[PDB]
$ cat upload.csv   # CSV, C-alpha atoms
chain,number,residue,atom,x,y,z
A,1285,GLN,CA,-13.9,0.8,-52.3
A,1286,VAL,CA,-13.0,1.8,-48.7
A,1287,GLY,CA,-14.8,4.9,-47.2
A,1288,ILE,CA,-13.0,8.2,-47.6
A,1289,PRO,CA,-11.9,9.9,-44.4
A,1290,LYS,CA,-14.2,12.9,-43.5
A,1291,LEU,CA,-11.2,15.0,-42.8
A,1292,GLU,CA,-9.6,14.2,-46.1
A,1293,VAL,CA,-12.1,16.2,-48.1
A,1294,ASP,CA,-13.7,19.7,-48.1
A,1295,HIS,CA,-17.4,18.6,-47.5
A,1296,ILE,CA,-19.2,19.2,-44.2
A,1297,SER,CA,-20.8,16.2,-42.5
A,1298,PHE,CA,-23.4,17.0,-39.9
A,1299,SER,CA,-23.6,13.5,-38.5
A,1300,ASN,CA,-20.8,11.5,-36.9
A,1301,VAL,CA,-20.1,8.7,-34.4
A,1302,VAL,CA,-18.9,10.4,-31.3
A,1303,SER,CA,-17.2,8.1,-28.8
A,1304,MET,CA,-18.2,8.9,-25.2
A,1305,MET,CA,-18.1,7.6,-21.6
A,1306,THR,CA,-21.4,6.1,-20.4
A,1307,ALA,CA,-21.2,8.1,-17.1
A,1308,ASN,CA,-19.1,10.7,-15.3
A,1309,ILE,CA,-15.5,9.7,-14.8
A,1310,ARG,CA,-15.3,11.7,-11.5
A,1311,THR,CA,-16.8,9.0,-9.3
A,1312,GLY,CA,-15.4,10.8,-6.3
A,1313,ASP,CA,-13.2,7.9,-5.2
A,1314,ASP,CA,-10.0,10.0,-5.2
A,1315,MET,CA,-6.8,8.1,-4.5
A,1316,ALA,CA,-5.4,8.4,-1.0
A,1317,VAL,CA,-2.2,7.0,0.3
A,1318,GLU,CA,-0.3,6.2,3.6
A,1319,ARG,CA,3.0,8.1,3.6
A,1320,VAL,CA,5.2,6.7,6.4
A,1321,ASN,CA,8.3,8.7,7.2
A,1322,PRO,CA,11.8,7.4,7.8
A,1323,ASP,CA,12.3,6.3,11.4
A,1324,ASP,CA,15.7,8.1,11.9
A,1325,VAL,CA,16.8,11.0,9.7
A,1326,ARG,CA,20.4,10.1,10.4
A,1327,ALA,CA,19.8,6.5,9.3
A,1328,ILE,CA,18.6,7.4,5.8
A,1329,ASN,CA,20.8,6.2,2.9
A,1330,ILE,CA,21.2,9.2,0.7
A,1331,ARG,CA,24.0,7.3,-1.1
A,1332,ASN,CA,23.9,5.1,-4.2
A,1333,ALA,CA,22.1,7.1,-7.0
B,1137,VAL,CA,5.1,-19.2,7.3
B,1138,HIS,CA,7.9,-18.4,9.8
B,1139,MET,CA,8.3,-14.7,8.7
B,1140,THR,CA,11.1,-12.6,10.1
B,1141,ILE,CA,10.8,-8.9,10.4
B,1142,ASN,CA,14.3,-7.5,10.9
B,1143,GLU,CA,12.9,-3.9,11.0
B,1144,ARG,CA,9.3,-2.7,11.4
B,1145,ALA,CA,9.9,0.8,9.9
B,1146,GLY,CA,8.0,1.8,6.8
B,1147,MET,CA,5.6,-1.1,7.2
B,1148,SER,CA,1.9,-0.3,6.4
B,1149,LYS,CA,-0.2,-0.4,9.5
B,1150,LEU,CA,-2.8,-2.4,7.4
B,1151,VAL,CA,0.1,-4.8,6.6
B,1152,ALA,CA,1.1,-5.2,10.2
B,1153,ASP,CA,-2.5,-5.9,11.1
B,1154,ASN,CA,-2.8,-8.4,8.2
B,1155,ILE,CA,0.4,-10.2,9.4
B,1156,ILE,CA,-0.9,-10.5,13.0
B,1157,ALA,CA,-4.2,-11.8,11.4
B,1158,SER,CA,-2.1,-14.4,9.5
B,1159,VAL,CA,-0.4,-15.2,12.8
B,1160,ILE,CA,-3.8,-16.1,14.2
B,1161,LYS,CA,-5.7,-17.6,11.2
B,1162,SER,CA,-2.9,-19.2,9.3
B,1163,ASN,CA,-0.7,-19.8,12.3
B,1164,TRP,CA,2.1,-17.7,11.0
B,1165,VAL,CA,5.1,-17.6,13.3
B,1166,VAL,CA,6.5,-14.1,13.0
B,1167,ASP,CA,9.8,-13.2,14.7
B,1168,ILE,CA,10.3,-9.4,15.0
B,1169,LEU,CA,14.0,-8.8,15.7
B,1170,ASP,CA,13.7,-5.0,16.0
B,1171,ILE,CA,12.1,-5.1,19.5
B,1172,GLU,CA,13.8,-4.4,22.9
B,1173,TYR,CA,12.0,-5.1,26.1
B,1174,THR,CA,12.4,-5.8,29.8
B,1175,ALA,CA,10.6,-8.6,31.5
B,1176,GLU,CA,8.9,-9.2,34.9
B,1177,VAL,CA,8.2,-12.7,36.2
B,1178,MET,CA,4.9,-12.5,37.9
B,1179,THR,CA,4.0,-15.1,40.5
B,1180,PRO,CA,0.6,-16.9,39.9
B,1181,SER,CA,-0.8,-15.1,43.0
B,1182,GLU,CA,-0.2,-11.7,41.5
B,1183,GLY,CA,-1.5,-12.4,37.9
B,1184,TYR,CA,-0.8,-10.1,34.9
B,1185,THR,CA,-0.7,-6.5,36.0

$ encode --input "upload.csv" --output "structure tokens"
Amino acid sequence: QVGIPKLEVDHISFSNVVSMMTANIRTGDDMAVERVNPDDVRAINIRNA
Amino acid sequence: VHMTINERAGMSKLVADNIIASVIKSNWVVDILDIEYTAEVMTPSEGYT
């Protein structure tokens, strides 16, 4: 037989396999971009969707 | 590569630098059509000012 889900039944199980990251996910290398503006505001194509 | 740049606007500065670097190390020939300029014909005696 296959093992019964722990959440299926009313017993309390005080040991479980907790998935976890090996280290902090906040490395500190936050993403940064180079925004570069339109050259002429008049020249922008607002049109077409 | 004989790359043509009809318009510089919106180009990443890192990309413009990479293109010139290709111009030098891969012998790219890159024709920028956006530019307007005047010219002065120096005599050899006056050199580039």

$ atom_distance --input "upload.csv" --atom1 "CA of residue 1165 (chain B)" --atom2 "CA of residue 1140 (chain B)"
8.4 Å

$ closest_atom_pairs --input "upload.csv" --of "chain B" --to "chain A" --cutoff "12 Å" --atoms "all atoms listed in the file" --output "tab-separated table"
residue	atom	partner	partner_atom	distance
B:1143	CA	A:1323	CA	10.2
B:1144	CA	A:1323	CA	9.5
B:1145	CA	A:1323	CA	6.2
B:1146	CA	A:1320	CA	5.7
B:1147	CA	A:1320	CA	7.9
B:1148	CA	A:1318	CA	7.4
B:1149	CA	A:1318	CA	8.9
B:1150	CA	A:1318	CA	9.7
B:1151	CA	A:1318	CA	11.4

$ atom_distance --input "upload.csv" --atom1 "CA of residue 1139 (chain B)" --atom2 "CA of residue 1173 (chain B)"
20.2 Å

$ atom_distance --input "upload.csv" --atom1 "CA of residue 1141 (chain B)" --atom2 "CA of residue 1170 (chain B)"
7.4 Å

$ residues_around --input "upload.csv" --residues "residue 1300 (chain A)" --least-positions-apart "4" --cutoff "12 Å" --atoms "all atoms listed in the file" --output "VMD selection string"
chain A and resid 1289 to 1291 1296

$ residues_around --input "upload.csv" --residues "residue 1156 (chain B)" --least-positions-apart "6" --cutoff "10 Å" --atoms "all atoms listed in the file" --output "VMD selection string"
chain B and resid 1162 to 1166

$ build_atoms --input "upload.csv" --residues "region 1314-1328 of chain A" --atoms "N, CA, C and O atoms" --output "mmCIF file, in the frame of the given file"
data_model
loop_
_atom_site.group_PDB
_atom_site.id
_atom_site.type_symbol
_atom_site.label_atom_id
_atom_site.label_comp_id
_atom_site.auth_asym_id
_atom_site.auth_seq_id
_atom_site.Cartn_x
_atom_site.Cartn_y
_atom_site.Cartn_z
ATOM 1 N N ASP A 1314 -11.395 9.520 -4.977
ATOM 2 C CA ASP A 1314 -10.000 10.000 -5.200
ATOM 3 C C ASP A 1314 -9.019 9.124 -4.437
ATOM 4 O O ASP A 1314 -9.288 8.650 -3.326
ATOM 5 N N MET A 1315 -7.869 8.906 -5.071
ATOM 6 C CA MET A 1315 -6.800 8.100 -4.500
ATOM 7 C C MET A 1315 -6.252 8.731 -3.252
ATOM 8 O O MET A 1315 -6.055 9.945 -3.200
ATOM 9 N N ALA A 1316 -5.990 7.912 -2.243
ATOM 10 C CA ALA A 1316 -5.400 8.400 -1.000
ATOM 11 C C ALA A 1316 -4.349 7.408 -0.588
ATOM 12 O O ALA A 1316 -4.518 6.202 -0.775
ATOM 13 N N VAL A 1317 -3.260 7.904 -0.019
ATOM 14 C CA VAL A 1317 -2.200 7.000 0.300
ATOM 15 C C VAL A 1317 -1.804 7.144 1.815
ATOM 16 O O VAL A 1317 -2.301 8.034 2.530
ATOM 17 N N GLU A 1318 -0.948 6.219 2.248
ATOM 18 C CA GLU A 1318 -0.300 6.200 3.600
ATOM 19 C C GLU A 1318 1.144 6.488 3.416
ATOM 20 O O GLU A 1318 1.914 5.555 3.201
ATOM 21 N N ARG A 1319 1.545 7.753 3.457
ATOM 22 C CA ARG A 1319 3.000 8.100 3.600
ATOM 23 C C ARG A 1319 3.428 7.700 4.982
ATOM 24 O O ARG A 1319 2.744 7.958 5.970
ATOM 25 N N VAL A 1320 4.610 7.104 5.064
ATOM 26 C CA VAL A 1320 5.200 6.700 6.400
ATOM 27 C C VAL A 1320 6.655 7.022 6.365
ATOM 28 O O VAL A 1320 7.452 6.400 5.659
ATOM 29 N N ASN A 1321 7.001 7.978 7.214
ATOM 30 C CA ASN A 1321 8.300 8.700 7.200
ATOM 31 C C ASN A 1321 9.430 7.738 7.597
ATOM 32 O O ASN A 1321 9.207 6.679 8.181
ATOM 33 N N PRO A 1322 10.664 8.135 7.252
ATOM 34 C CA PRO A 1322 11.800 7.400 7.800
ATOM 35 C C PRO A 1322 11.854 7.462 9.291
ATOM 36 O O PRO A 1322 11.399 8.443 9.877
ATOM 37 N N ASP A 1323 12.321 6.393 9.930
ATOM 38 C CA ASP A 1323 12.300 6.300 11.400
ATOM 39 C C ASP A 1323 13.356 7.282 12.004
ATOM 40 O O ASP A 1323 13.042 8.028 12.938
ATOM 41 N N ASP A 1324 14.577 7.259 11.467
ATOM 42 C CA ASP A 1324 15.700 8.100 11.900
ATOM 43 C C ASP A 1324 16.227 8.897 10.722
ATOM 44 O O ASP A 1324 16.604 8.286 9.722
ATOM 45 N N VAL A 1325 16.292 10.219 10.823
ATOM 46 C CA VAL A 1325 16.800 11.000 9.700
ATOM 47 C C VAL A 1325 18.303 10.736 9.475
ATOM 48 O O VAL A 1325 18.786 10.799 8.348
ATOM 49 N N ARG A 1326 19.022 10.398 10.534
ATOM 50 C CA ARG A 1326 20.400 10.100 10.400
ATOM 51 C C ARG A 1326 20.648 8.767 9.659
ATOM 52 O O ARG A 1326 21.682 8.566 9.024
ATOM 53 N N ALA A 1327 19.665 7.878 9.749
ATOM 54 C CA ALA A 1327 19.800 6.500 9.300
ATOM 55 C C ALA A 1327 19.565 6.393 7.768
ATOM 56 O O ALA A 1327 19.860 5.358 7.169
ATOM 57 N N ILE A 1328 19.014 7.446 7.174
ATOM 58 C CA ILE A 1328 18.600 7.400 5.800
ATOM 59 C C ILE A 1328 19.866 7.242 4.865
ATOM 60 O O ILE A 1328 20.892 7.879 5.074
#
